[PDB]
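# Structural overview
Here is what each chain is made of, one letter per residue.
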Protein chains: 2
Amino acid sequence: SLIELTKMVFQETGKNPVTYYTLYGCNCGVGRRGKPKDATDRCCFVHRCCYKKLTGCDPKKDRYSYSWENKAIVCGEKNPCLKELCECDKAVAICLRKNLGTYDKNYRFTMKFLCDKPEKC
Amino acid sequence: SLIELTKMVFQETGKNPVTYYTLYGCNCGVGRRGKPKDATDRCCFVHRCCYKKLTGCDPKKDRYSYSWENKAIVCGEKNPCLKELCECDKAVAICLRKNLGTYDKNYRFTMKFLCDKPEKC
């Protein structure tokens, strides 16, 4: 769920996920599709694509078990849609963390830039 | 700081400020600008106008002292910028609560409406 995804993203980035990633670029955030602006944005694109591959579970609302063990996300979750959901989430959290160096707060300003056609998953 | 802001908005409104106010209308939440769509939105605009007037401290980072006395915020903060920043936050919290009457969950969805040109403070 969002809860876990927000948690994981915090856990990896150390950043307030809600302010960093609620709206960012063309792909981070609920409304949002468009050619990735940058690596961060691309993580959210990849993560949205990841969600699309899922069947039988709801990324938004469904809870799943993961742990943080040695400071890394461990999707201990047997149920294999949930495992995949969890793994989508873990992927984006890591991805976002990896891309902190280029994170641009101006890409929060949805009105300060335009979104090209969405990239295809 | 956002810590104190978020607490106050919570205190006043009793709503989760993350779900309610991370993204609302054209002004509430990071990177949002535009003509306020309604009173709640305008609360947020006034609050950024408030921050805009501050010289000498950082509305995001700077912790400050307030108390909740008889379920009203008191900016007991001595230091003059931090107390102003407290008053901004105190004001928005109050404003958001006051305008809960007309709060429109519709305005949470970025792509559901347009933001016209920001008004000037």
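Rules used throughout
Residues numbered from 1 in each chain as written, not as in the entry; some residues may be left out. Chains lettered and ligands numbered in written order. Heavy atoms only, no water. Salt bridge = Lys/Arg side-chain N within 4 Å of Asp/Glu carboxyl O. Helix = DSSP H or I, 4+ residues; strand = E, 2+ residues; numbered from the N terminus. Buried < 20%, exposed > 50% of the residue type's maximum accessible area, 1.4 Å probe, protein only. Disulfide = S-S within 2.5 Å. Core = buried A, V, L, I, M, F, W, Y, C linked by side-chain atoms within 4.5 Å. Contact = heavy atoms within 4.5 Å. Expected span 1.5 Å × (residues − 1). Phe/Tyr/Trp six-rings, centres within 6.5 Å; stacked < 30°, edge-to-face > 60°. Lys NZ or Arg CZ within 6 Å of the ring centre and 35° of its normal. Buried area = accessible area lost by both parts, 1.4 Å probe. Nonpolar A, V, L, I, M, F, W, Y, C, P; charged D, E, K, R; others polar.

Judging from the entry metadata, X-ray crystallography is the method by which this structure was determined, and 2.05 Å is the reported resolution.

All names here are of chain B. Taken as a whole and judged by the stated rule, the model has 10 salt bridges over all chains. The partner of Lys35 in a salt bridge is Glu119, with the nearest N and O atoms 2.7 Å apart. Of this pair, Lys35 sits in the loop between α2 (17–21) and α3 (39–53) while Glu119 sits in the segment after α4 (80–98); the two residues are 84 residues apart in sequence, bridging distant segments of the chain. A relative accessible area of 36% means that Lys35 is categorised as partly exposed. Beyond isolated ion pairs, a larger network of salt bridges with shared partners links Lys35, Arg42 and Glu119.

A word on the state of the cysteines. Residue and element names in this part refer to chain B. Tallied over the full model, the rule gives 14 disulfides over all chains. Disulfide pairing places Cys75 opposite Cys86 at an S-S distance of 2.0 Å. With the S-S bond torsion at -85°, the cross-link from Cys75 to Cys86 turns out left-handed. On the criterion of sequence distance, the pair formed by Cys75 in the loop between β2 (72–74) and α4 and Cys86 in helix α4 is long-range, its members being 11 residues apart.

The subject of this paragraph is the nonpolar core. Grouped together as the largest cluster of nonpolar side chains are 28 residues, with contacts concentrated most on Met8, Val9, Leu54, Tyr64, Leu85 and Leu96 of chain B. Among the elements of the structure, α1 (2–13), α2, α3 and α4 of chain B are those that each provide at least two residues to this core. With eight residues, α4 of chain B is the single largest residue contributor to this core. Once you skip the residues sitting within four places of it in the chain, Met8 of chain B turns out to touch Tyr64, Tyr66, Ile73, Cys86, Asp89, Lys90 and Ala93 of chain B. Core analysis: the second largest hydrophobic core is formed by 26 residues, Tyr20, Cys44, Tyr66 and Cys81 of chain A among them.

Turning our attention to helix α3 (residues 39–52) of chain A. Structural remark: α-helix, 3.6 residues per turn; residues separated by three or four positions point the same way. Residue and element names in this part refer to chain A. For α3, built from 14 residues, the straight-helix expectation of 20 Å at 1.5 Å per residue is met to within 8% by its first-to-last C-alpha distance of 20 Å. In terms of burial, α3 is largely enclosed, as 10 of its 14 residues are buried. As for α3, its buried residues are in contact with α1 (2–13), α2 (17–21) and α4 (80–98).

This paragraph deals with the packing of aromatic side chains. In this structure the tally under the stated criterion is 14 aromatic pairs over all chains. Ring centres 4.9 Å apart and planes at 85° place the aromatic pair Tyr107 of chain B and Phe113 of chain B in the edge-to-face group. The exposure class of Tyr107 of chain B is buried, given its relative accessible area of 16%. Chaining the aromatic ring pairs together yields one cluster made of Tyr20, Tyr21, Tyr24, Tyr103, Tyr107 and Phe113 of chain A. Above the plane of the ring of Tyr20 of chain A lies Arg108 of chain A, whose end atom (NZ or CZ) is 4.6 Å from the centre.

A separate point is the interface of chain B and chain A. Between chain B and chain A, the residue contacts involve 11 residues of the former and 11 residues of the latter. For the pair chain B and chain A, the summed buried area comes to about 990 Å², and 76% of that belongs to carbon and sulfur atoms. Together, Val30, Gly31 and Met111 of chain B form the three largest contributors to the area buried by chain B at its contact with chain A, with a combined 43%. Linking chain B with chain A are zero salt bridges. A class-by-class count of the residues in the side of chain B that touches chain A yields six nonpolar, three polar and two charged.

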